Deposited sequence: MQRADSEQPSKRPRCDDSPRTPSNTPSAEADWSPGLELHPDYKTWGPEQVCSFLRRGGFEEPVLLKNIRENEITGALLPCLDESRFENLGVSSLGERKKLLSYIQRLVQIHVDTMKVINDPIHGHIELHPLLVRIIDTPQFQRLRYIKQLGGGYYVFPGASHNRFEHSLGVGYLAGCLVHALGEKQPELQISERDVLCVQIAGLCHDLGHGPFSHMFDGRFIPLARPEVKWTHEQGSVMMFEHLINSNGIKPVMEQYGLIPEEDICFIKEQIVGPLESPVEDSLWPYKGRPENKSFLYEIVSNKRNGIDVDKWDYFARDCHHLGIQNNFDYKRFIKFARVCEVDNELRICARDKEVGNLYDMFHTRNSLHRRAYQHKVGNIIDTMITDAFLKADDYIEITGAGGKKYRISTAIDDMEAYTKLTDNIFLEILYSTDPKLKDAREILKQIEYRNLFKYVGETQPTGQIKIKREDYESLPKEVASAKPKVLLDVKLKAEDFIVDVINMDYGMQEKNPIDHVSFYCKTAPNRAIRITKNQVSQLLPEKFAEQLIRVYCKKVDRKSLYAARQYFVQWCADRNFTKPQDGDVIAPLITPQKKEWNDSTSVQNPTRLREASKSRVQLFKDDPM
């Protein structure tokens, strides 16, 4: 009954029967058709993996971490119930992802439904609830030892945080809330998992080594609240981990061609929004933007919509079809130029829609015969940080010393090295053009340099 599955990254993953029963559901098997990198597959031809193996690996890593922590410290009183709950929470932490992963919740939803705030963790929680109530998993849960009344709440809290504001587990079990997702300093098994998987698949070498971190992990009584500590001689390792994350974002996740491909795919989805019907619960009909209201219709919302629009013949989908055909001919939107890392100004989300008008309104000192409108400019804003919005993540980590392994201390930046970056946040503004002839590109470059000079960038 103890199934074994072979993963290209890890070794052989040992699966509990309850996890096997949970996995064999349509809701979880939906993840087989949602790619890990939406627009990045058309730049790296090796990044064709999905979130299925990602969730499997995250669950495996959570189980390994909790097992090691329990083994090295027998007074924490960790039972099989807690291990099963942690593995279940780590297995179903990305059930709410939509088509093309982060594109759906970062580019399409704000542009189609700006009156709703929706992240993928909310969708994950609702999808997990739907799966549990639909597939009849509770009697198995009491069969195998779990108590659904508080275990469901614990698993829900492990994903979206509080909704000591927690209710699943008491105060002396706080170290169980910082495994799958950490809300304090952003160190978790999810980061390690996708670091390893993306580095293996893209063709880019990794730097971080999580096994050494697990070997030197401990639980301290920091501010009358138990939490995971780290050995004080691995501060440079954490800094290198964050540098590796920054390098991955710089090289692969924020590629210009991939970003513009995501933009064109989102444009096609927006143009093909009012002509796609999805059957919901009770025979109701939904839309692409409205499908995040009913899970019975959101279950069948995957990357198949791209080929549905591309292979269609309906006369009402002509524009989106043409956009996709231009995508497949590499008639991409041209790239004009990027502003230097912003001197000092922060652009909020609501200011994104006014930038093309500002770019087009700028009058060059030299008159241009060609004229351009605000509709033919794509302005993109990129944010780079350490996950804490100008804060130092290492300032929230606790370290211990070998002489007294029961005490936690804090380490400042000045005590590590002088070769560290001064700032922890950045912004980058990118401008693209729709017109492709050389004269329009030259005019767009003149407009861009004039606008950059005018706003003092």
Legend entry - Deposited-sequence segments unaccounted for in the coordinates: 1-113, 277-284, 579-626
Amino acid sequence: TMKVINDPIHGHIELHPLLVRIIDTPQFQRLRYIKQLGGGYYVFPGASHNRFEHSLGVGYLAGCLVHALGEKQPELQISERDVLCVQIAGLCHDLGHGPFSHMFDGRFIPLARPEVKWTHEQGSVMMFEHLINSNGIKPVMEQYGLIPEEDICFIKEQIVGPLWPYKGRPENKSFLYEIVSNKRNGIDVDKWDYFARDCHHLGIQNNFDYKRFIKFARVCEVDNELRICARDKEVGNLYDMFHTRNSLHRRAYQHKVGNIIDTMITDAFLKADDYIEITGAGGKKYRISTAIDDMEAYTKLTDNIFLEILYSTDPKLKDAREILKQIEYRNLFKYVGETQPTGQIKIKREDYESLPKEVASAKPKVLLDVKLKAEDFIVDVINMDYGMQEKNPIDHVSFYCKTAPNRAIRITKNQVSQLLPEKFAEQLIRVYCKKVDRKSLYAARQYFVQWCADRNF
From here on, numbers count along this sequence of modelled residues.
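Under this definition, the rigid core comprises the largest set of C-alpha atoms superposing within 1.5 Å between the forms.
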Legend entry - Stretch with greater C-alpha deviation in 4 other deposited structures of this protein, 150-158 versus 337-345 (rigid core superposition): 337-345
Inset, instruction - Name the stretch, 350-358 or 317-325, whose C-alpha atoms sit farther from the shown form on average in 4 other deposited structures of this protein, taking the rigid core as the superposition reference. - result: 350-358
Inset, instruction - Answer yes if residue 424 is missing coordinates in at least a third of the other compared entries, and no if every one of them models it. - result: yes
